[PDB]
Amino acid sequence: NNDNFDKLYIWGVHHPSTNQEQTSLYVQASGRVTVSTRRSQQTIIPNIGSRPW
Amino acid sequence: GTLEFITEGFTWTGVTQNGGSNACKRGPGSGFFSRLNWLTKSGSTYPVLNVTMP
Ligand SMILES: *[C@@H]1O[C@H](CO)[C@@H](O[C@@H]2O[C@H](CO)[C@@H](O[C@@H]3O[C@H](CO)[C@@H](O)[C@H](OC4O[C@H](CO)[C@@H](O)[C@H](O)[C@@H]4O)[C@@H]3O)[C@H](O)[C@H]2NC(C)=O)[C@H](O)[C@H]1NC(C)=O
């Protein structure tokens, strides 16, 4: 951020319903997403399961 | 303002229900919390459970 203002970044992380779907899309059995700045840090590990339709 | 509990028939297939530990003894033998259900292995399987209740 070389600008003179705060930048807000919206991002997310996908939670598949089945392992089959997890592998179709991202190969690895279990994913992981880690977004970080010099002073903060944040890490989500997607959970696989059925939610309501 | 109430602990009015209503049981529903969840159907937990492929797992053994009603486990309890000697920490939580009910009467002579051993038991568990009354409104919770300790699901453990059956045979040597724990299926991926997937129930729903509208
Ligand atoms: C974990 O349990 C989940 C919870 O029920 C389960 O998902 C259910 O699966 C059925 C699959 O068809 C879906 O039901 C939908 O219901 C709405 C209500 O009106 C319908 O609009 C729609 O109807 C159709 O589906 C028919 C056949 O499957 C088809 O013939 C019709 O043409 C029409 O397309 C939906 O079916 C939901 O996916 C879902 N219900 C709920 C409440 O979540 C899920 O399978 C299970 N997970 C695993 C891994 O087995």
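Residues numbered from 1 in each chain as written, not as in the entry; some residues may be left out. Chains lettered and ligands numbered in written order. Part of a larger assembly, values for the part shown. Heavy atoms only, no water.

Per the deposited record, determination of this structure is attributed to X-ray crystallography, with the resolution reported as 3.50 Å.

Asks: Would you take a moment to explain the overall build of chain A for this structure?
Replies: The helix and strand tally for chain A stands at 1 helix and 2 strands. Moving toward the C terminus, one meets the helices and strands of chain A in the order α-β-β. Its C-alpha atoms give chain A a radius of gyration of 15 Å, more than 25% over the compact-globule value 10 Å for 53 residues. With the C-alpha coordinates of chain A rotated into their principal frame, the extents come out at 45 × 25 × 15 Å. Within the span of chain A, comprising 53 residues, buried residues form 8% of the whole. By sequence separation, contacts in chain A at least 24 residues apart represent 41% of the contacts at least 6 residues apart. Total accessible area computed for chain A in this model is approximately 5,100 Å², and 51% of it derives from carbon and sulfur atoms. (Helix = DSSP H or I, 4+ residues; strand = E, 2+ residues; numbered from the N terminus. Rg over C-alpha atoms; globule rule 2.2 N^0.38 Å. Buried < 20%, exposed > 50% of the residue type's maximum accessible area, 1.4 Å probe, protein only. Contact = heavy atoms within 4.5 Å. Areas by Shrake-Rupley, 256 points an atom, 1.4 Å probe, with all protein chains shown as cover.)

Asks: Quick question: what am I supposed to make of the packing of aromatic side chains here?
Replies: The description of an aromatic ring pair uses the distance of the two centres, along with the angle that the planes make with each other. Residue and element names in this part refer to chain B. Considering all chains together, one arrives at 3 aromatic pairs over all chains under this definition. Ring geometry for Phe10 versus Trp12: centroids 5.5 Å apart, planes at 5°, classification stacked. Residue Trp12 is classed as partly exposed on the basis of its relative accessible area of 22%. Here the aromatic cluster, defined as three or more aromatic residues joined through ring pairs, consists of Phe32, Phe33 and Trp38. (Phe/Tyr/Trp six-rings, centres within 6.5 Å; stacked < 30°, edge-to-face > 60°.)

Asks: Please clarify how the pairing of strand β2 (residues 41-44) of chain A should be interpreted in this entry.
Replies: Every regular strand shows the same layout, with side chains that alternate between the two sheet faces. All names here are of chain A. Note: strand β1 (residues 33-36) against β2, 4 bridges, orientation antiparallel. Note on β2: the bridge partner recorded for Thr34 is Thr43. Connecting the antiparallel pair β1 and β2 is a turn made up of 4 residues. (Pairing = 2+ DSSP bridges.)

Asks: How do you make sense of helix α1 (residues 19-26) of chain A when you look at a structure like this?
Replies: Turn by turn, an α-helix covers 3.6 residues, leaving residues three or four places apart pointing in a common direction. Two or three places before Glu21 of chain A, at the opening of α1 of chain A, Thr18 of chain A has a side-chain oxygen 3.2 Å from that residue's backbone nitrogen. With its phi angle positive at about 65°, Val27 of chain A sits one or two positions after the end of α1 of chain A. (Polar contact = N/O pair within 3.5 Å; in protein donor to acceptor, adjacent residues only side chain to side chain.)

Asks: What am I meant to see in the site of the ligand here?
Replies: In the vicinity of the ligand, the contacting residues are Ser50, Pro52 and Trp53 of chain A together with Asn50 and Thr52 of chain B. Residues within reach of the ligand are spread across chains A and B. A distance of 2.8 Å separates a nitrogen atom of the ligand from a polar atom in the side chain of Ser50 of chain A. Within the side chain of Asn50 of chain B, one N or O atom sits 2.4 Å away from an oxygen atom of the ligand. If the ligand stood free it would expose 900 Å²; the protein chains cover 28% of that surface. Partitioning the shell around the ligand into residue classes produces 2 nonpolar, 3 polar and no charged. (Near = heavy atom within 4 Å. Nonpolar A, V, L, I, M, F, W, Y, C, P; charged D, E, K, R; others polar.)

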